[PDB]
Amino acid sequence: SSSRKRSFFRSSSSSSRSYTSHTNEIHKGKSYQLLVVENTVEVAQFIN
Amino acid sequence: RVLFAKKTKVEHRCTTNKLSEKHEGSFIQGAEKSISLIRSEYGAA
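These protein sequence lines are chains Y and R, in that order.
Residues 7 to 54, numbered by our numbering, are exactly what the first sequence covers, in order.
Residues 15 to 59, numbered by our numbering, are exactly what the second sequence covers, in order.
Spelled out as structure tokens, the structure:
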């Protein structure tokens, strides 16, 4: 804003204001798992 | 101005405002499970 008025005297005023703000967030959360189970043969047994 | 005098008045005012916000969403997920039974030891492959 600037206002200038002259009524037998010279007057001048100047005002400037600037504001800028930036905010950013990045996230990533991953959880993964794999369970396996085997059972061999070993043909022998205990029928004794 | 009229005899005799002089008056002058000037006023100026301007404003400007701008705002921008952007957000994006993307995620993927998938699960796969399996079971089996098979009746020499070479077949374990």
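C-beta atoms are modelled at their ideal positions from N, C-alpha and C, and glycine is treated no differently.
Is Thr26/Y close to chain C? Criterion is C-beta to C-beta, closer than 8 Å. Among the chains of the structure shown, chain C does not appear; the protein chains present are Y and R.
For the beta strand (DSSP E) holding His26/R, just list the boundary residues, first then last. 22-26
Interface residues of the stretch 23-47 of chain R facing chain Y [CB-CB below 7 Å]: So the close ones are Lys23, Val24, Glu25, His26, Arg27.
Against chain R, with Cβ distances strictly below 8 Å, would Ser21/Y count as a contact? no
Residues that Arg10/Y bridges to, as DSSP identifies them: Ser18/Y, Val24/R
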